[PDB]
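What follows is a single structure, written as structure tokens, with notes after it.
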Amino acid sequence: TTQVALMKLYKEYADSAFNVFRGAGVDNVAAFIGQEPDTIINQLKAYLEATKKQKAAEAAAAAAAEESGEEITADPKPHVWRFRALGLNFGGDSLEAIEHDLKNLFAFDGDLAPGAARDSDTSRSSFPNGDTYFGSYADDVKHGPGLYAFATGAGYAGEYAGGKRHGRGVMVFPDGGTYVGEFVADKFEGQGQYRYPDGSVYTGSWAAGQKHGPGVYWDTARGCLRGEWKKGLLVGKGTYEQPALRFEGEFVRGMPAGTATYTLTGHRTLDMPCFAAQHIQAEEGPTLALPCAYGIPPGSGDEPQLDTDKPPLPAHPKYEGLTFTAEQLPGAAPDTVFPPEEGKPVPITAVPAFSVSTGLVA
Amino acid sequence: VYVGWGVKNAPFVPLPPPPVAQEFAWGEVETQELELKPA
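Line by line, the protein sequences give chains B and H.
In terms of the deposited numbering, the first sequence is residues 445 to 751, 760 to 814.
In this text, residue positions in the second sequence follow the deposited numbering: the first is 415, and each later residue adds one.
Spelled out as structure tokens, the structure:
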């Protein structure tokens, strides 16, 4: 043995994986990830807000310092010095002969054993770009419950394995969206609920960071869209339901096409007198079904982006290439109530209901 | 003068179902401590 490392006088910022945890007031990390997901999400959102505020304040201070006076020449972040009294023996020839361990002893604050992989269960880990980790290690990587801050505002709390995300977890992204569900590697997998920043919510299946499998989307127009989505887009028979109407048909590459079917009921004249007396006491409501069909440009959507002599898909504001065809009479389909009963729990706040007996409630 | 139903004689396309939003990018990847030097 040639060297003994017998101190570490480190410095800790007031926003890391060891201060989101402390504000919670729980006992340990397994009790931090074990809370109800709403409070986890709220705490991570508060951390994101703190990071954004700190960045804005730093930028303003830097601009003011440039305007007059001299440079800042000091760390503006809030920092509190801490001291680990660790003592370890390393055997080598010079300081550069143990570099791994030394730089390991730089950042991982757990149970250091010279020449051995990390196995701490309450370890902290800094990182080059500035993002921090709190949780358990095993076989030199992260494994088990953890809290993890990205230093850009984002944040994760949940299970780790193989050095990456695995199992159940909760994440908050810098834009404002959030995710609650299962994870494989660094991307979504299995079942989960994603909430977008605009207000929409998707509660369904995921494969490798994209929507895949049975899916139920609840957009900002308070309409329910159900289908079997594939690689981030909806393919096959899909259903869109709105308080008065229900459209079902094939989608290709996220846009309607092929033989479809509209079914909707006159809600405008449910209280007006009927034109025929026999409609007064009948049980069949005023609902009609049209066997229509959409149309797409003959090159668009037929190629799965094999990267062109292909027309572009119609966009949102104005759809350029969509056609539409109805050449048969309506067929008087039965009644439709708006809440589809598939995806019955409504994540969105303001969703009005409908029925033949009672019109739009809200 | 205009006398008739207020309907235009143009091809009519029923508006297709509304667009789905997109997730975040993947500039959020877990920075990892570099693994042990194997012997």
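Just so it is clear, CB atoms sit at the ideal spot from N, CA and C, and this is done for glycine as well.
- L591(B) is positioned such that its CB atom lies closer than 9 angstroms to that of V473(B).
- For a Cβ distance threshold of 8 angstroms, nothing in chain H lies close to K499(B): the least Cβ distance comes to about 16 angstroms.
- Look at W419(H): its C-beta is not under 9 angstroms from any C-beta on chain B.
- If the five residues before and after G743(B) are omitted, its C-beta is found closer than 8 angstroms to the C-beta atoms of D761, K762 and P763, all from its own chain and listed in chain order.
- Within the stretch 697-718 of chain B, the residues whose Cβ lies closer than 8 angstroms to any Cβ of chain H are, in chain order, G698, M699, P700 and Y706.
- Only residues of its own chain outside the window of five on either side were considered, and among them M451, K452, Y454 and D553 have a CB closer than 8 angstroms to the CB of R528(B), listed in chain order.
- Between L677(B) and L669(B), the C-beta gap is not smaller than 9 angstroms, which leaves the two residues out of contact.
- Spanning the alpha carbons of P735(B) and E633(B) requires a straight line of approximately 37 angstroms.
- Taking 8 angstroms as the cut-off between beta carbons, the residues of the stretch 515-545 of chain B near chain H are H544, in sequence order.
- Listed in chain order, the beta strand (DSSP E) runs fully inside the stretch 531-569 of chain B are 532-534 and 567-569, counting runs of at least 3 residues.
- For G613(B) and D545(B), the gap between their C-alpha atoms comes out near 31 angstroms.
- Residue-level contact check: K422(H) does not touch chain B, since none of the beta carbons of chain B fall below 9 angstroms from its beta carbon.
- Under the three-state reduction of DSSP output, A651(B) falls in the strand class.
- Residue pairing for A593(B): DSSP places it in a beta bridge opposite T576(B) and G599(B).
- CA-to-CA, the gap between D715(B) and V645(B) works out to about 34 angstroms.
- Here the C-alpha atom of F578(B) lies approximately 9 angstroms from the C-alpha atom of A593(B).
- Ranked by how close their Cα comes to the Cα of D583(B), the residues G602(B), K608(B), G597(B) and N573(B) have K608(B) in first place.
- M699(B) sits away from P428(H), with the two beta carbons spaced by 9 angstroms or more.
- For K452(B), the enclosing beta strand (DSSP E) has its first and last residue at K452 to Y457.
- Within the stretch 657-741 of chain B, the beta strand (DSSP E) runs of at least 3 residues that lie entirely inside it are, in chain order, 657-662, 668-674, 680-686, 689-696, 699-709, 731-734 and 737-739.
- Taking a Cβ-Cβ cut-off of 7 angstroms, the neighbours of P433(H) in chain B comprise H768, given in sequence order.
- The three-state secondary structure of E502(B), taken from DSSP, is helix.
- One Cα belongs to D642(B), the other to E603(B), and the distance between them is close to 28 angstroms.
- Around the C-beta of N486(B), fewer than 16 other C-beta atoms lie within 10 Å, and the residue is accordingly described as exposed.
- DSSP places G467(B) within a helical segment (H, G or I) once states are collapsed to three.
- Chain-order list of chain H residues neighbouring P572(B): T445, by C-beta distance under 9 angstroms.
- The shortest CA-to-CA distance from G620(B) to any of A490(B), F465(B) and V803(B) is the one to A490(B).
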